[PDB]
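Asker: Chains as they are written, first to last, in our numbering: chain A, 1 to 50; chain B, 1001 to 1125.
Once you've had a glance at the structure underneath, I'll fire off some questions.
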Amino acid sequence: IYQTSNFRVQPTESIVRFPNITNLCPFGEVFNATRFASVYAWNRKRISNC
Amino acid sequence: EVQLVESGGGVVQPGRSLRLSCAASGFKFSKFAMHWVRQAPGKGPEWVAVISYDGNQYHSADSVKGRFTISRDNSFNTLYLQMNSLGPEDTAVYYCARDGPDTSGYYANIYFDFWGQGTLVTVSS
Ligand SMILES: *[C@@H]1O[C@H](CO)[C@@H](O)[C@H](O)[C@H]1NC(C)=O
Ligand SMILES: *[C@@H]1O[C@H](CO)[C@@H](O)[C@H](O)[C@H]1NC(C)=O
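Here is the structure:
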């Protein structure tokens, strides 16, 4: 009696589940800003729920 | 009250050099950049040059580049413009103008808030 290979079941379908929201993220307010800040006093902005 | 008075304009023959200046008063002179602007008789004005608030940096228009030189003196509250090899197309009423304090949007916008009086410079023979 000899051992040859392995047996494995293959998947059949694909499942994707993301939280459905539509708040487009505010990137323009940061990239298009008229005046930036000095490097020694850089400006931080948090981003969430986008 | 802020006011500027300039002097040194007059009639000269072609090929000479001039020296005129305006003396400021009523504000901290060292804290503001300055521009020279000329206006030909009957037409619109035209920008000429600019000097920084410490005199270490400057810029000029290409038309008068190589012939016009400016300078500053913080202590004496006077600023000079020197014309060399002056030509017939330099007849105008030169004003010395003060740089705009506040401009809001962007950093490349410039405007002149307070103007001078004017000196008539003409050339003939
Ligand atoms: C996803 O959609 C379902 C049904 O439309 C809704 O009940 C649920 O709140 C949505 N998820 C988010 C994060 O809005
Ligand atoms: C910023 O402005 C440009 C100008 O059209 C626009 O294309 C862009 O979507 C805006 N936002 C970002 C993040 O660049």
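All C-beta atoms in this analysis are idealised placements derived from N, C-alpha and C, irrespective of residue type, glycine included.
Taking just the CA atoms, how far does B/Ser1063 sit from B/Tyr1080?
Answerer: Position 80 of the second sequence, counted from the start, is the residue given in the question as residue 1080 of chain B. Position 63 of the second sequence, counted from the start, is the residue given in the question as residue 1063 of chain B. Going by the C-alpha atoms only, they are around 19 Å apart.
Asker: In its own chain, which residues sit with a C-beta less than 6 Å from the C-beta of B/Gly1116, not counting the 5 before and 5 after it?
Answerer: Mapped onto the second sequence, residue 1116 of chain B falls at position 116. Around B/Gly1116: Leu1004, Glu1006, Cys1022, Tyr1095, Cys1096.
Asker: Looking at ligand 1, does it come within less than 7 Å of A/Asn49, judged from the CB to the closest heavy atom?
Answerer: Here residue 49 of chain A refers to the residue found at position 49 of the first sequence. Answer for A/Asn49: no, Cβ out of range of ligand 1.
Asker: Does the Cβ of B/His1035 have 16 or more other Cβ atoms within 10 Å, making it buried, or fewer, making it exposed?
Answerer: Numbered from 1 along the second sequence, position 35 holds the residue referred to as residue 1035 of chain B. It counts as buried.
Asker: Would you call the stretch 1026-1035 of chain B in contact with the stretch 1049-1058 of chain B, where contact means no fewer than 3 C-beta pairs closer than 8 Å?
Answerer: Result yes; three or more Cβ-Cβ pairs closer than 8 Å.
Asker: Work out the CA separation of B/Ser1104 and B/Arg1019 for me, nearest whole Å.
Answerer: What you label residue 1019 of chain B is simply residue 19 of the second sequence in a count that begins at 1. What you label residue 1104 of chain B is simply residue 104 of the second sequence in a count that begins at 1. Approximately 36 Å between the Cα atoms of the pair.
Asker: Taking the C-alpha atoms as reference points, what is the distance between B/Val1011 and B/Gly1066?
Answerer: The residue labelled residue 1011 of chain B in the question sits at position 11 within the second sequence. The residue labelled residue 1066 of chain B in the question sits at position 66 within the second sequence. Approximately 22 Å, taken between the alpha carbons.
Asker: May I have the straight-line CA-CA distance separating B/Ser1124 from B/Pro1088, to the nearest angstrom?
Answerer: Counted from its first residue, the second sequence places residue 1124 of chain B at position 124. Counted from its first residue, the second sequence places residue 1088 of chain B at position 88. Approximately 8 Å, taken between the alpha carbons.
Asker: At which residue ranges does the stretch 1020-1067 of chain B contain complete beta strand (DSSP E) runs of 3 or more residues, listed in the order of the chain?
Answerer: Runs found: 1034-1039, 1045-1051, 1058-1060.
Asker: Look up B/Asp1113 in the DSSP assignment and say whether it is helix, strand or coil.
Answerer: Position 113 of the second sequence, counting from 1, holds the residue named residue 1113 of chain B. The answer is coil: DSSP assigns B/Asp1113 none of H, G, I, E or B.
Asker: Give the straight-line distance between the Cα atoms of B/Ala1092 and B/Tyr1107, rounded to the nearest whole angstrom.
Answerer: Numbered from 1 along the second sequence, position 92 holds the residue referred to as residue 1092 of chain B. Numbered from 1 along the second sequence, position 107 holds the residue referred to as residue 1107 of chain B. Taking the straight line from one Cα to the other gives about 30 Å.
Asker: For the alpha helix (DSSP H) that contains A/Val30, what are its first and last residues?
Answerer: As a working note, residue 30 of chain A is residue 30 in the first sequence. First-last of the alpha helix (DSSP H) with A/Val30: 28-31.
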